[PDB]
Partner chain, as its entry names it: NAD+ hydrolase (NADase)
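Single chain ahead, by itself, as structure tokens, in the form solved without its partner chain.
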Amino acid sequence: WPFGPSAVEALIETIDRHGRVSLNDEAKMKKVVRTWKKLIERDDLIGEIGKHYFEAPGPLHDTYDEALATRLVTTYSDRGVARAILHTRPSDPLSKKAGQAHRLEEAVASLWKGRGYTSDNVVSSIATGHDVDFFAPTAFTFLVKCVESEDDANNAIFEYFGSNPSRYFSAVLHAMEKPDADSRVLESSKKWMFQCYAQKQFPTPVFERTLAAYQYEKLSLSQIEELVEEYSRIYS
């Protein structure tokens, strides 16, 4: 504390030093020989140093994140933790807190995947009660960490919406109106729905009829016409 290190502590500080200044072949070859000599010269080092790295392999390790998530999910429910993840996400990209937050949310995503959750379980956990909230950046980001892509995220929202293109579009647009919207990602979700219909080869007239038939606040006559026009001009 104010005093000398144990043999174990001292050797650990050496190995760390060597791994932090990183570097250089000729230096490596000599330093590793020296370290080896120290490890073998007595019989009470290998076990303890091994255990030390086992419990903490390096400065980027996240060894116990799953246990933490298990504790938290168990204590505060899937909905509790979804809410906390969505709400405490720092808005500042340079936030000192973003790392911690990414660890927590990534730990929850992994835990859920490993328990066998579906896309639907994830969206359901995220659900606030307002469709538009799915496309809010803080929510959409988490969702993407859970289902691994924008394609799967959009698709999961669509399916959670009973696969209703009108509900989906309404949500995307309303979202676009929102104050901190990420218009590029929203543009991408919109494009995604259109592309779903194109891929399945819908004629524009059938697209229009589909939008109408599926009628959560609905789409305006002008909205339906605008969507149909886009479909017609862009996605054949």
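Positions refer to the first chain, counted from 1.
FYI, the form solved in complex with its partner chain isn't displayed, but the following is about it.
Can you tell me which of 112-120, 128-136, 82-90, 161-169 lies within 4.5 Å of its partner chain in the deposited bound form, counting heavy atoms only? So the stretch in question is 112-120.
Looking in the deposited bound form, any heavy atom of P59 within 4.5 Å of its partner chain? Output for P59 is yes: heavy atoms within 4.5 Å of its partner chain.
Any chance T35 has a heavy atom within 4.5 Å of its partner chain in the deposited bound form? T35: no contact with its partner chain in the deposited bound form.
Can you tell me if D43 lies within 4.5 angstroms of its partner chain in the deposited bound form, counting non-hydrogen atoms only? So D43 counts as contacting its partner chain.
Is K200 near its partner chain? Define near as a heavy atom within 4.5 Å, in the deposited bound form. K200: no, not in contact with its partner chain in the deposited bound form.
Within 4.5 Å of its partner chain in the deposited bound form, heavy atoms considered, which of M176, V206, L39, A27? Filtering the options by heavy-atom distance leaves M176.
Members of 204-236 lying within 4.5 angstroms of its partner chain, judged by heavy atom, in the deposited bound form: The stretch 204-236, when checked against its partner chain in the deposited bound form, contributes no residue at the 4.5 Å heavy-atom cut-off.
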